[PDB]
Amino acid sequence: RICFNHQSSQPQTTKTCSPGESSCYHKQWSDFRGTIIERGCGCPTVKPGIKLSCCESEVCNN
């Protein structure tokens with residue numbers, strides 16, 4: 001699996017996941033600085049206040 005791993009609207013970058021990892025994620029939240037989007041391999045735990053979206057296809061997390 002290859003997923004996007006760039007933050008917010010920055011130039012696109014990808015990451016090759018570890019073997020057997022089939023998911024990618026897109027996490028979004030707000031802090032005092034602004035709205036942040038983080039992307040990477042896997043499907044992390046749902047945390048309070050954080051918006052998380054997981055998908056299971058190549059570069060699915062734009």
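All residue numbers in this chain count up from 1 along the given sequence.
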Distance (rounded to the nearest 0.5 Å) between [X] [atom1] and [Y] [atom2]:
{"X": "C24", "Y": "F4", "atom1": "SG", "atom2": "CZ", "value": "9.0 Å"}
{"X": "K15", "Y": "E21", "atom1": "NZ", "atom2": "CD", "value": "9.5 Å"}
{"X": "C60", "Y": "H26", "atom1": "SG", "atom2": "NE2", "value": "11.5 Å"}
{"X": "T14", "Y": "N5", "atom1": "OG1", "atom2": "CG", "value": "6.5 Å"}

Got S18 and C41 here, is their nearest side-chain heavy-atom distance under 4.5 Å? no

Check whether any side-chain heavy atom of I36 sits under 4.5 Å from a side-chain heavy atom of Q28, and report yes or no. no

In terms of hydrophobic clusters joined by side-chain contacts under 4.5 Å, are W29 and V46 together? no

Joint cluster assignment, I50 & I37, ILVMFWY side-chain distance < 4.5 Å: no

Can you give me the closest heavy-atom contact between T35 and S8, atom names plus distance? O-OG, 4.0 Å

Could you report the tightest heavy-atom contact between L52 and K27, atom names first, then the distance? CD1-CG, 3.5 Å

Report yes or no: does [X] contribute a side-chain atom to a donor-acceptor pair with the main-chain N or O of [Y] at less than 3.5 Å?
{"X": "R39", "Y": "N61", "answer": "yes"}
{"X": "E58", "Y": "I2", "answer": "yes"}
{"X": "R1", "Y": "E56", "answer": "yes"}

Working note: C17 + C3, criterion disulfide bond (SG atoms under 2.5 Å apart); need CA distance, chi angles, decisive distance, verdict. CA-CA 7 Å; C17 313; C3 295; 3.4 Å; no

